[PDB]
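Next up: just one chain, as structure tokens, the form deposited in one PDB entry.
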């Protein structure tokens, strides 16, 4: 058993764009998603199939770019900060679980640099 994936639809929430949320989807997510190091982050960590028996012991808030993509596409987030918080969680999870020398960590770090390059140019 893996946790259910995070919720991605918010049925009773009305649709509202913001400049920031449009930027997060069309610029930030789009750039990260197509990067060559995206693939370990494109879907929830399957701790069963990946054989990480301690993964949910260590990680209390699973998060991934597949979930973030869908939340953005579904206008799940009320604001840009919620979305940014999910990216931060995703990277945090990687850095607190994996060993510092691991390729997955260096991949995360490459992605996070890009995320931050782009979040620095965020609109308001």
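Only residues modelled in both forms are compared. By rigid core we mean the largest C-alpha set that fits within 1.5 Å across both forms. Residue numbers count along the first chain shown, from 1.
- For the pair 94 to 102 and 22 to 30, the mean Cα B-factor is higher in 94 to 102.
- Stretches 47 to 55 and 61 to 69 differ in mean CA B factor, with 47 to 55 having the higher one.
Keep in mind the form deposited in another entry is missing from the figure; the text below concerns it.
- In the core-superposed comparison between the shown form and the other one, the C-alpha atom of residue 17 has shifted by at least 2 angstroms.
- Comparing the shared residues between the shown form and the other one on a common core, the single stretch of 3 or more consecutive C-alphas each displaced by at least 2 Å is 10 to 17.
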